[PDB]
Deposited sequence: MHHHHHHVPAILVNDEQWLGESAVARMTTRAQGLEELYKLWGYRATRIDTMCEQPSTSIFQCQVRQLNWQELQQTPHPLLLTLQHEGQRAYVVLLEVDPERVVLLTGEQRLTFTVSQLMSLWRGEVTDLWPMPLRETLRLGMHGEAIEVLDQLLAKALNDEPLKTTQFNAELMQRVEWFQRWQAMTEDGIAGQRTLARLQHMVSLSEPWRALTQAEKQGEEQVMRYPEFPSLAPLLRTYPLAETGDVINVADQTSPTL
């Protein structure tokens, strides 16, 4: 595996995704780690091809596919900067330089993120989905939520402010492009940040007790 056989511990995507779900605090089933659509919980799972510039911009951990002379292996990327990536193998925390990463990674990632909002939300609608919209927008904008259950005129102005920041049409409707960007960037909880930032209260590869996945979506009504 060039010189680093430790990185290549997890040999299937399902094994890697089981580990990636633990970073989010969840115990995943065999169905969840198939990464097939439709989703079986509020999480989205997508395989994508990234370049290194794109990988550096990831807003949350990813599963990297490593390839070496006809073999595949899978490792969790926990954090990344221009010089180094921090990898989780299911047994060890490793740091790789850019050179080490590029010798083994050919672009493929599998990305998991929570996406509880999967239907268009617009002015006049109300319900738990609107409260969740309100909370995610405050998190993305780094400011305060309205504490509203109603998609009102002021929430609409906040959708537009997010839309303009993200270079998307500023129609004030939280439709597919707007909710997909919002929920890939931020989540209601990000337990994985506990592993990023002496010595450690919970040392990897140990995890605290995991929760079952959330398998209901918040509703909204017209």
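Asker: What portions of the deposited sequence, indexed from 1, have no corresponding C-alpha atom in the structure?
Answerer: No C-alpha for residues 1-17, 215-219, 245-258.
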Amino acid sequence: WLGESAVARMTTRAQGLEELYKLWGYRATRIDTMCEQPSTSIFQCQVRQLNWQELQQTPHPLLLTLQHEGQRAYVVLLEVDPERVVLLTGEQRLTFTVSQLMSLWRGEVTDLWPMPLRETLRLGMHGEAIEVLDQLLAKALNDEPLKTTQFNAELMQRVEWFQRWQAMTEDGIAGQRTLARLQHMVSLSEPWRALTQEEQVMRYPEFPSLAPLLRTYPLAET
From here on, numbers count along this sequence of modelled residues.
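Asker: Averaged over C-alpha atoms, is the B-factor higher for 176-184 or for 33-41 in this PDB entry?
Answerer: Going by the record's values, the stretch with the higher mean is 33-41.
Asker: Quick one: say whether 77-85 or 110-118 has the higher mean Cα B-factor in the deposited entry.
Answerer: Mean B over CA atoms: larger for 77-85.
Asker: Would you mind checking which of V132, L123, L94, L141 has the top Cα temperature factor in the PDB entry?
Answerer: Comparing C-alpha B-factors across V132, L123, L94, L141, the maximum falls on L94.
Asker: Among the modelled residues of its chain, does the C-alpha B-factor of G70 lie in the lowest, middle or highest third?
Answerer: Highest third of the chain for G70's C-alpha B-factor.
Asker: Where does the C-alpha B-factor of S189 rank in its chain, lowest, middle or highest third?
Answerer: It belongs to the highest third of the chain when residues are ordered by C-alpha B-factor.
Asker: When the modelled residues of the chain are sorted by Cα temperature factor, does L146 land in the lowest, middle or highest third?
Answerer: Middle third, going by the recorded CA B-factors of the chain.
Asker: Ranking the modelled residues of this chain by C-alpha B-factor as given in the entry, is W24 in the lowest, middle or highest third?
Answerer: According to the entry, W24 has a C-alpha B-factor in the chain's middle third.
Asker: Of the three thirds of its chain by CA temperature factor, lowest, middle or highest, which one includes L17?
Answerer: It falls in the bottom third of the chain.
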